[PDB]
Structure formats: structure tokens, C-alpha cells
Amino acid sequence: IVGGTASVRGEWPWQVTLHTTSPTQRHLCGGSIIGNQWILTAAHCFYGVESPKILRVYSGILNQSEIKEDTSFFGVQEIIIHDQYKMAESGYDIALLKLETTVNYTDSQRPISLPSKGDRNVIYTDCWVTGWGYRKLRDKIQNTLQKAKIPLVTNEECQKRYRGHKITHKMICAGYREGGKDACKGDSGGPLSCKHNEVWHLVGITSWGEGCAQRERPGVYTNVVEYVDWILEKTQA
Ligand SMILES: COC(=O)Nc1ccc(-c2cnn([C@H](CC3CC3)c3ccc(-c4cc(Cl)ccc4-n4cnnn4)c[n+]3[O-])c2)cc1
């Protein structure tokens, strides 16, 4: 997260850190708890991943340095990538992780609601991106979960900024005209969370952008409301 600030413990309890363990253990991407056995993340995250055997899901983490050899994690039973995914910039950048066991919800690990049926025309004005990613284009994974409030931009404006890409209704963009706050490397798969009527909704999944927090170059997110039918089909199969 560029231009963000440190989170406190328990502030974003749906946020998980997905680790790979090959060839060494490290944060791979963010993700969001959406059900007791289900993490929603980005399909791009699994580009180098030989199987779910090497993945670990850590919940209730504020600092990456909390994770030691005895820290509990969830194994991953299945990675479900959207069958039309090819690369992040061409859309369908969405994946479900089915966990090997059920999360018991606590103060530190809670689900976030999907965008609600009937809310297709809500104007979200309180949206936040969170993650352990870089604070600038050449940086390092951050120890403490970072947060930044970021305004949504219309798909019409977003397309005008990304003349070489096809911005579709299955994407949503967010960014300041003058830059300065954005997701960056290591934030992908994490949530774009928006609060509406005091309820948090998983509006976006961090996906791609041209650089990090550049002027007139918004971040591009998977538009989760357009995948609710796909999520429900996979999670009640
Ligand atoms: C200690 O372990 C470590 O070093 N871990 C570690 C280090 C680096 C990485 C890393 C690098 N790339 N990515 C991803 C995609 C890869 C499949 C993971 C990525 C790409 C683009 C964006 C992004 C998103 C938005 Cl919305 C806006 C702008 C951008 N960006 C444009 N240009 N950069 N970002 C964010 N992410 O995350 C993650 C992962 C783990």
C-alpha cells in the first residue's frame, strides 16, 4: 500500500495473508474470509504455484513477524480459479480457496459480506484497500498491515486512463487524480472493502495497475458484485 498507514490489531479481521512455502516461506498475496471454509483472492496469485500443498493461510495476523514455526495456519484443500482467467489485465482475476477446516470466527478473524442483492446501484464512498505490499514501486513487503482510503472512479474515466486495455463492467477502478495512494506489489488478492450502512462489503479484489499510485493511473480491481453468482455456485456445490 502506497501512502497508507499502519493498521491496529483486529481492525480488518477478514484480511488473511496467503503464504507459499516453496522454495522458502513468504507472503504471496492477500485474501478475504467470505465463509467458514472459503477465502476469496486473485487468480494471478497462483501463477507460480505447483499445487495447494505448498500454501498456508494465516488469519488474525497484524505483523508478518508474528508468524513462527508454531503459528497455526489453515491448509488449502482446493484452489478454484475462474475458468476464463488468462492474465490479470484481461479480467476474471478471481479465485476461491477452500480451506481444509472451518474457521471459528473470533474478534480477530471474521467474514466480510459480499455486495448485497439489490445494492447494484449503490454509490460506495467509504472504500479502503489493505495489505502488506510495497510502499513504492521498488520496496519490500511490510511488516504491519497497511490501510488507505481510496475513491472509486467511473469505468468511463478508468478506460480513458488505460487506452491499451479493455476496461469492462467486471472491473472497478479506484484512485486519486493526482496519485499518492494505491495498492502495490504484494497487495494483490486483498480486499477493496467499502462500508455502507455501517456494514462492510467486499467490493473489489486488488488486481493490477500501471505502476503504483501514479497520477491519473487508478488501481484496477475485480468487480466482486459481477461474480456473486459464480461465488455462490462454487461455494454451495
Ligand atoms: C517476502 O516475500 C515477498 O517478497 N513477497 C512478495 C513480493 C512481491 C510480490 C508481488 C509482485 N507483484 N505482485 C502482484 C502480482 C503477482 C502475482 C503476485 C501484483 C501486481 C500488481 C499489483 C498492483 C495492483 C493494483 Cl490495484 C495497482 C497497481 C499494482 N501494481 C503495479 N505495479 N506494481 N503493482 C499488485 N500486485 O500485488 C506481487 C508478492 C509477494
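Residues numbered from 1 in each chain as written, not as in the entry; some residues may be left out. Heavy atoms only, no water.

1. Quick word on the site of the ligand
With respect to spatial proximity, 23 residues lie near the ligand, and among them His27, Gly186, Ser188, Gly209 and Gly211 are the closest. Taking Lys185, its main chain carries an N or O atom lying 3.5 Å from a nitrogen atom of the ligand. About the coverage of the ligand: the protein hides 77% of its 800 Å² of free accessible area. Contributing elements (two or more residues each) for the shell around the ligand: β3 (26-35), β13 (199-208) and β14 (219-223). Looking at the shell around the ligand residue by residue, the class counts come to 10 nonpolar, nine polar and four charged. (Near = heavy atom within 4 Å. Polar contact = N/O pair within 3.5 Å; in protein donor to acceptor, adjacent residues only side chain to side chain. Areas by Shrake-Rupley, 256 points an atom, 1.4 Å probe, with all protein chains shown as cover. Helix = DSSP H or I, 4+ residues; strand = E, 2+ residues; numbered from the N terminus. Nonpolar A, V, L, I, M, F, W, Y, C, P; charged D, E, K, R; others polar.)

2. Notes on the sheet that holds strand β7 (residues 95-99)
Spatially, β5-β2-β3-β4-β7-β6 is the arrangement adopted by the six strands of the open sheet, whose pairing is antiparallel. Each edge of the sheet is formed by a strand with only one pairing partner; in this case those strands are β5 (55-59) and β6 (76-81). With direction set aside, neighbouring strand axes in the sheet form an average angle of 35°. The sheet contact formed by strand β2 (residues 15-20) and β3 spans six bridges and is antiparallel. Counted as the bridge partner of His19 is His27 from β3. Of the strands in this sheet, β3, β4 (38-41), β6 and β7 are in contact with helix α2 (residues 228-235), which crosses β7 at around 25°. (Pairing = 2+ DSSP bridges. Axes fitted to C-alpha atoms, helices over the stretch in contact; angles between N-to-C directions. Contact = heavy atoms within 4.5 Å.)

3. Considering the pairing of β7
Among the five residues in β7, four count as buried, and that is most of the element. Relative to β7, β4 runs antiparallel, the two sharing four bridges. Within β7, the position partnered with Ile39 by the bridge is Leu97. With five bridges joining them, β6 and β7 adopt antiparallel strand pairing. Bridged to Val76 within β7 is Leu99. (Buried < 20%, exposed > 50% of the residue type's maximum accessible area, 1.4 Å probe, protein only.)

4. Considerations on the packing of aromatic side chains
Under the defined criterion, the tally for this structure stands at seven aromatic pairs. When the ring of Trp12 is compared with that of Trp128, the centres are 6.0 Å apart and the planes differ by 40°; the resulting orientation is tilted. One end of the pair, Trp12, is in the loop between β1 (5-6) and β2; the other, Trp128, is in strand β8 (residues 127-131), with 116 residues separating them in the sequence. An aromatic cluster of at least three residues, connected via ring pairs, comprises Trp12, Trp14, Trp128 and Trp200. It is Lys170 that lies over the ring of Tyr227; its NZ or CZ is 4.8 Å from the centre. (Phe/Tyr/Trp six-rings, centres within 6.5 Å; stacked < 30°, edge-to-face > 60°. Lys NZ or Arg CZ within 6 Å of the ring centre and 35° of its normal.)

5. Overview of the UniProt feature "active site" in the chain
Within this structure's numbering, the places UniProt gives as "active site" are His44, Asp93 and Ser188. A maximum C-alpha distance of 9.8 Å places the annotated residues, which cover 145 residues in sequence, within one compact spot. You can see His44 is positioned in the loop between β4 and β5. Judged by its relative accessible area of 40%, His44 falls in the partly exposed class. Those residues within four positions of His44 in sequence are excluded, and the remaining contacts are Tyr85, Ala88 and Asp93. Along the chain, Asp93 falls in the loop between β6 and β7. Ignoring sequence-local partners within four residues, the contact set of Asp93 consists of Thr41, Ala42, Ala43, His44, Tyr85, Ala88, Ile205, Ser207 and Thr222. A distance of 2.8 Å separates a polar side-chain atom of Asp93 from the backbone nitrogen of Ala43. (UniProt positions renumbered as here; feature names shortened; annotations may be inferred.)

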